[PDB]
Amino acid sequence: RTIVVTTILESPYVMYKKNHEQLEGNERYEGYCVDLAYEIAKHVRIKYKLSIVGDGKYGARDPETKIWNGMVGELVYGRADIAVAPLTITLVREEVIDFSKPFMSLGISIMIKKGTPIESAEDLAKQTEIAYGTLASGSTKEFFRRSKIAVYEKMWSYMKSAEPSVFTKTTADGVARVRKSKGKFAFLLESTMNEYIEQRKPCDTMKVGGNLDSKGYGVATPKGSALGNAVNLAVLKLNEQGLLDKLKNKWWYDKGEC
């Protein structure tokens, strides 16, 4: 009866409240996805418990052991009933879990330290003074790994072999590295996170260029789960009432610091 909602600590989707160490259960967290889980549960009519994913990952399949990790894994092996998180809808994931229709649209983008002389992936690709990388595992990394498009192949060729590693274990790590690199590191990440970060102090980063692709985040459910249908209707409803747009303004722009 109390359903497990797997999620992931990633601002501003899910965040520790300032006095969290003194709080319990759901009250520990706030963010866009905390609000969204609340709204969804209200329409689906369920009680639920947020659970930050143990391995801190999104979800990829180990090519060796065939095993799925991250939030995906939590749904594939039955430890969670639903994932409300910035989980990217992809072909490989969609073969093993279900996704609602997108609650947010987005694409991969480039984050630079202000002043950095880079406007496009082409600008990054044709040079080697400025390093660049992506979250160590996630759909962004995969986009590069799988692309057949020359510029992206070049970038992947460089990233996969660069030393030290240019991959990071979290978004926050990538951002820190951009901020600390005096313009000598650019980070490849989703436009959503990129835009959030751009609106926060010290206001020293910016998104440059267009997005590289066009995709979305879906609320995810175990394959053939009988919550799937309701959750999907619930998402469309919420989008149609303009609630999704309201929550986006609330967590990104309303409090923007820049």
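The numbering used is simple: start at 1 and walk along the sequence shown.
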Open item on the list: Tell me which stretch has the larger mean Cα B-factor in this entry, 127-135 or 80-88.
Closed with: 127-135
Task: 18-26 versus 234-242 - greater average Cα B-factor per the deposited record - done: 18-26
Task: Maximum C-alpha temperature factor, selected from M193, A220, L50, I67 - done: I67
Task: Maximum C-alpha temperature factor, selected from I110, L75, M104, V151 - done: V151
- [ ] Divide the modelled residues of the chain into thirds by Cα B-factor and specify which third, lowest, middle or highest, holds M206.
- [x] middle
Task: Within-chain third of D35 by Cα B-factor, per the entry - done: lowest
Open item on the list: Ranking every modelled residue in this chain by its Cα temperature factor as given in the entry, which third contains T116?
Closed with: middle
- [ ] Would you mind ranking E142 by its C-alpha B-factor against the rest of the chain and naming the third, lowest, middle or highest?
- [x] middle
Open item on the list: Lowest, middle or highest third: which one holds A162 when the chain's residues are ordered by CA B-factor from the entry?
Closed with: highest
